[PDB]
2 protein chains.
Amino acid sequence: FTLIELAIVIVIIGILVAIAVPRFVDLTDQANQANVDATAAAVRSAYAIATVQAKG
Amino acid sequence: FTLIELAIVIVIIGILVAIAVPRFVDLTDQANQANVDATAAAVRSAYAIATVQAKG
(Lines give C-alpha, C1' and ligand atoms only; values in the text may rest on other atoms or scores of the structure.)
Protein backbone atom coordinates (compact mmCIF):
# COMPACT_ATOMS: atom_id res chain seq x y z
CA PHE A 1 0.00 0.00 0.00
CA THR A 2 1.18 3.58 -0.64
CA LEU A 3 1.82 5.98 2.26
CA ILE A 4 -1.18 8.06 1.12
CA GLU A 5 -3.53 5.05 1.39
CA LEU A 6 -2.19 4.30 4.90
CA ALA A 7 -2.69 7.99 5.87
CA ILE A 8 -6.31 7.85 4.61
CA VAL A 9 -6.84 4.59 6.57
CA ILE A 10 -5.36 6.16 9.76
CA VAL A 11 -7.88 9.04 9.37
CA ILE A 12 -10.96 6.90 8.63
CA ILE A 13 -10.32 4.31 11.40
CA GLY A 14 -10.30 7.20 13.91
CA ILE A 15 -13.75 8.33 12.65
CA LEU A 16 -15.48 4.91 12.33
CA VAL A 17 -14.40 4.32 15.93
CA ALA A 18 -15.82 7.00 18.31
CA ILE A 19 -19.36 6.08 17.36
CA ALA A 20 -21.80 5.19 20.10
CA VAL A 21 -22.49 1.46 20.57
CA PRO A 22 -25.29 -0.09 22.75
CA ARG A 23 -24.55 -1.84 26.02
CA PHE A 24 -25.81 -5.36 26.45
CA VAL A 25 -28.20 -5.36 29.44
CA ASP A 26 -29.43 -8.27 31.56
CA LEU A 27 -33.16 -7.71 30.92
CA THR A 28 -33.98 -11.21 32.26
CA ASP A 29 -35.67 -9.76 35.39
CA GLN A 30 -38.30 -7.89 33.32
CA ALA A 31 -38.76 -10.88 30.99
CA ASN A 32 -39.00 -13.32 33.96
CA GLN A 33 -41.68 -11.11 35.56
CA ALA A 34 -43.72 -11.15 32.32
CA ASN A 35 -43.28 -14.96 32.10
CA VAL A 36 -44.55 -15.36 35.70
CA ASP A 37 -47.51 -13.01 35.04
CA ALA A 38 -48.49 -14.70 31.73
CA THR A 39 -48.18 -18.10 33.47
CA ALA A 40 -50.37 -16.83 36.36
CA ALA A 41 -53.07 -15.83 33.81
CA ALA A 42 -52.83 -19.33 32.29
CA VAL A 43 -53.16 -21.00 35.74
CA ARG A 44 -56.33 -18.95 36.49
CA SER A 45 -57.91 -19.99 33.16
CA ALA A 46 -56.80 -23.64 33.61
CA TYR A 47 -58.39 -23.59 37.09
CA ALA A 48 -61.64 -22.06 35.79
CA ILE A 49 -61.83 -24.74 33.03
CA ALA A 50 -61.08 -27.40 35.69
CA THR A 51 -64.07 -26.25 37.84
CA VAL A 52 -66.39 -27.10 34.91
CA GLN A 53 -64.68 -30.49 34.25
CA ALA A 54 -64.74 -31.37 37.99
CA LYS A 55 -68.37 -30.11 38.38
CA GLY A 56 -67.08 -28.58 41.64
CA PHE B 1 -40.55 -9.76 16.91
CA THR B 2 -38.80 -6.41 17.42
CA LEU B 3 -37.53 -5.35 20.87
CA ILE B 4 -40.20 -2.61 20.94
CA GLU B 5 -43.02 -5.14 20.43
CA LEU B 6 -41.59 -7.32 23.25
CA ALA B 7 -41.36 -4.22 25.52
CA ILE B 8 -45.02 -3.37 24.77
CA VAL B 9 -45.99 -7.02 25.50
CA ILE B 10 -44.04 -6.96 28.82
CA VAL B 11 -46.03 -3.82 29.79
CA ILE B 12 -49.49 -5.08 28.75
CA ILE B 13 -49.13 -8.57 30.32
CA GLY B 14 -48.42 -6.86 33.66
CA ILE B 15 -51.70 -4.87 33.35
CA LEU B 16 -54.03 -7.64 32.06
CA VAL B 17 -52.82 -9.67 35.04
CA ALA B 18 -53.59 -7.90 38.38
CA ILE B 19 -57.29 -7.90 37.61
CA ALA B 20 -59.68 -9.37 40.13
CA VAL B 21 -60.98 -12.88 39.35
CA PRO B 22 -63.83 -14.72 41.20
CA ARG B 23 -63.18 -17.66 43.51
CA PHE B 24 -65.03 -20.85 42.82
CA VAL B 25 -67.17 -21.64 45.90
CA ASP B 26 -68.75 -24.92 47.00
CA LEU B 27 -72.36 -23.64 47.08
CA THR B 28 -73.69 -27.23 47.18
CA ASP B 29 -74.88 -26.83 50.82
CA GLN B 30 -77.27 -23.98 49.91
CA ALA B 31 -78.41 -25.80 46.74
CA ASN B 32 -78.87 -29.11 48.66
CA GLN B 33 -81.00 -27.30 51.27
CA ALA B 34 -83.23 -25.84 48.51
CA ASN B 35 -83.50 -29.32 46.90
CA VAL B 36 -84.56 -30.85 50.26
CA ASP B 37 -87.10 -28.04 50.86
CA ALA B 38 -88.59 -28.21 47.33
CA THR B 39 -88.77 -32.02 47.69
CA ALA B 40 -90.49 -31.64 51.10
CA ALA B 41 -93.14 -29.39 49.45
CA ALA B 42 -93.63 -32.07 46.76
CA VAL B 43 -94.02 -34.84 49.41
CA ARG B 44 -96.71 -32.79 51.23
CA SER B 45 -98.68 -32.29 47.98
CA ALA B 46 -98.20 -35.96 46.96
CA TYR B 47 -99.51 -36.98 50.41
CA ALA B 48 -102.53 -34.65 50.16
CA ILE B 49 -103.38 -36.06 46.68
CA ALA B 50 -102.93 -39.59 48.11
CA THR B 51 -105.51 -38.91 50.90
CA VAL B 52 -108.14 -38.28 48.17
CA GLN B 53 -107.11 -41.39 46.15
CA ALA B 54 -107.06 -43.57 49.31
CA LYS B 55 -110.38 -42.06 50.58
CA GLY B 56 -108.62 -42.04 53.98
# chains A, B, ... in the order shown; residues from 1 in each chain; ligands from 1
>>> select_by_dssp(residues="stretch 3-55 of chain A", states="alpha helix (DSSP H)", output="ChimeraX atom specification")
/A:3-16,28-53
>>> closest_atom_pairs(of="chain A", to="chain B", cutoff="10 Å", atoms="only C-alpha atoms", output="Markdown table")
| residue | atom | partner | partner_atom | distance |
| --- | --- | --- | --- | --- |
| A:30 | CA | B:10 | CA | 7.4 |
| A:31 | CA | B:10 | CA | 6.9 |
| A:32 | CA | B:10 | CA | 9.6 |
| A:33 | CA | B:14 | CA | 8.2 |
| A:34 | CA | B:10 | CA | 5.5 |
| A:35 | CA | B:10 | CA | 8.7 |
| A:36 | CA | B:14 | CA | 9.6 |
| A:37 | CA | B:17 | CA | 6.3 |
| A:38 | CA | B:13 | CA | 6.3 |
| A:39 | CA | B:17 | CA | 9.7 |
| A:40 | CA | B:17 | CA | 7.7 |
| A:41 | CA | B:17 | CA | 6.3 |
| A:44 | CA | B:21 | CA | 8.2 |
| A:45 | CA | B:21 | CA | 9.9 |
| A:47 | CA | B:24 | CA | 9.2 |
| A:48 | CA | B:24 | CA | 7.9 |
| A:51 | CA | B:24 | CA | 7.4 |
| A:56 | CA | B:26 | CA | 6.7 |
>>> write_last_selection(atoms="N, CA, C and O atoms", output="PDB file, in the first residue's frame")
ATOM      1  N   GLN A  30     -37.074  -8.384  33.926  1.00  0.00           N
ATOM      2  CA  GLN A  30     -38.304  -7.887  33.321  1.00  0.00           C
ATOM      3  C   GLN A  30     -39.001  -8.992  32.527  1.00  0.00           C
ATOM      4  O   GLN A  30     -40.210  -9.171  32.652  1.00  0.00           O
ATOM      5  N   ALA A  31     -38.231  -9.763  31.754  1.00  0.00           N
ATOM      6  CA  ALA A  31     -38.758 -10.881  30.988  1.00  0.00           C
ATOM      7  C   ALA A  31     -39.283 -11.996  31.903  1.00  0.00           C
ATOM      8  O   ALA A  31     -40.356 -12.538  31.647  1.00  0.00           O
ATOM      9  N   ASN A  32     -38.565 -12.325  32.986  1.00  0.00           N
ATOM     10  CA  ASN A  32     -38.996 -13.318  33.962  1.00  0.00           C
ATOM     11  C   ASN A  32     -40.307 -12.897  34.623  1.00  0.00           C
ATOM     12  O   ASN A  32     -41.195 -13.725  34.786  1.00  0.00           O
ATOM     13  N   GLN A  33     -40.447 -11.614  34.968  1.00  0.00           N
ATOM     14  CA  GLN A  33     -41.677 -11.109  35.557  1.00  0.00           C
ATOM     15  C   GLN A  33     -42.857 -11.308  34.603  1.00  0.00           C
ATOM     16  O   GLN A  33     -43.892 -11.829  35.006  1.00  0.00           O
ATOM     17  N   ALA A  34     -42.688 -10.950  33.327  1.00  0.00           N
ATOM     18  CA  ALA A  34     -43.717 -11.152  32.317  1.00  0.00           C
ATOM     19  C   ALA A  34     -44.049 -12.634  32.116  1.00  0.00           C
ATOM     20  O   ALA A  34     -45.214 -12.973  31.944  1.00  0.00           O
ATOM     21  N   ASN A  35     -43.054 -13.524  32.170  1.00  0.00           N
ATOM     22  CA  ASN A  35     -43.281 -14.960  32.099  1.00  0.00           C
ATOM     23  C   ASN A  35     -44.142 -15.443  33.272  1.00  0.00           C
ATOM     24  O   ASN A  35     -45.105 -16.180  33.072  1.00  0.00           O
ATOM     25  N   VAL A  36     -43.815 -15.008  34.493  1.00  0.00           N
ATOM     26  CA  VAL A  36     -44.550 -15.362  35.702  1.00  0.00           C
ATOM     27  C   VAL A  36     -45.986 -14.853  35.626  1.00  0.00           C
ATOM     28  O   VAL A  36     -46.908 -15.609  35.906  1.00  0.00           O
ATOM     29  N   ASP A  37     -46.186 -13.609  35.189  1.00  0.00           N
ATOM     30  CA  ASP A  37     -47.507 -13.014  35.036  1.00  0.00           C
ATOM     31  C   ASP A  37     -48.346 -13.730  33.974  1.00  0.00           C
ATOM     32  O   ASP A  37     -49.471 -14.135  34.252  1.00  0.00           O
ATOM     33  N   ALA A  38     -47.801 -13.947  32.774  1.00  0.00           N
ATOM     34  CA  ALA A  38     -48.487 -14.697  31.727  1.00  0.00           C
ATOM     35  C   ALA A  38     -48.841 -16.121  32.176  1.00  0.00           C
ATOM     36  O   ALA A  38     -49.934 -16.612  31.889  1.00  0.00           O
ATOM     37  N   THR A  39     -47.937 -16.773  32.913  1.00  0.00           N
ATOM     38  CA  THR A  39     -48.180 -18.095  33.469  1.00  0.00           C
ATOM     39  C   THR A  39     -49.283 -18.055  34.525  1.00  0.00           C
ATOM     40  O   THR A  39     -50.129 -18.940  34.543  1.00  0.00           O
ATOM     41  N   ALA A  40     -49.314 -17.023  35.371  1.00  0.00           N
ATOM     42  CA  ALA A  40     -50.368 -16.835  36.359  1.00  0.00           C
ATOM     43  C   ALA A  40     -51.748 -16.680  35.706  1.00  0.00           C
ATOM     44  O   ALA A  40     -52.715 -17.273  36.178  1.00  0.00           O
ATOM     45  N   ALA A  41     -51.843 -15.928  34.601  1.00  0.00           N
ATOM     46  CA  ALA A  41     -53.066 -15.833  33.813  1.00  0.00           C
ATOM     47  C   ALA A  41     -53.501 -17.207  33.297  1.00  0.00           C
ATOM     48  O   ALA A  41     -54.668 -17.573  33.414  1.00  0.00           O
ATOM     49  N   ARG A  44     -54.961 -19.368  36.185  1.00  0.00           N
ATOM     50  CA  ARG A  44     -56.326 -18.951  36.486  1.00  0.00           C
ATOM     51  C   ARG A  44     -57.331 -19.524  35.489  1.00  0.00           C
ATOM     52  O   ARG A  44     -58.353 -20.067  35.902  1.00  0.00           O
ATOM     53  N   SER A  45     -57.042 -19.439  34.186  1.00  0.00           N
ATOM     54  CA  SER A  45     -57.912 -19.993  33.160  1.00  0.00           C
ATOM     55  C   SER A  45     -57.998 -21.516  33.258  1.00  0.00           C
ATOM     56  O   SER A  45     -59.084 -22.073  33.167  1.00  0.00           O
ATOM     57  N   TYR A  47     -57.570 -23.353  35.913  1.00  0.00           N
ATOM     58  CA  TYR A  47     -58.385 -23.588  37.093  1.00  0.00           C
ATOM     59  C   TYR A  47     -59.873 -23.413  36.783  1.00  0.00           C
ATOM     60  O   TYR A  47     -60.675 -24.282  37.103  1.00  0.00           O
ATOM     61  N   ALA A  48     -60.253 -22.308  36.142  1.00  0.00           N
ATOM     62  CA  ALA A  48     -61.643 -22.065  35.788  1.00  0.00           C
ATOM     63  C   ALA A  48     -62.202 -23.197  34.915  1.00  0.00           C
ATOM     64  O   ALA A  48     -63.253 -23.743  35.230  1.00  0.00           O
ATOM     65  N   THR A  51     -62.855 -26.270  37.027  1.00  0.00           N
ATOM     66  CA  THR A  51     -64.071 -26.248  37.840  1.00  0.00           C
ATOM     67  C   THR A  51     -65.303 -26.726  37.067  1.00  0.00           C
ATOM     68  O   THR A  51     -66.217 -27.282  37.673  1.00  0.00           O
ATOM     69  N   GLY A  56     -67.398 -28.892  40.255  1.00  0.00           N
ATOM     70  CA  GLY A  56     -67.085 -28.581  41.644  1.00  0.00           C
ATOM     71  C   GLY A  56     -65.644 -28.091  41.808  1.00  0.00           C
ATOM     72  O   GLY A  56     -65.010 -27.686  40.834  1.00  0.00           O
TER      73      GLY A  56
END
>>> atom_distance(atom1="atom CA of residue B:3", atom2="atom CA of residue A:29")
15.3 Å
>>> atom_distance(atom1="atom CA of residue B:8", atom2="atom CA of residue A:49")
28.4 Å
>>> atom_distance(atom1="atom CA of residue A:43", atom2="atom CA of residue B:5")
24.3 Å
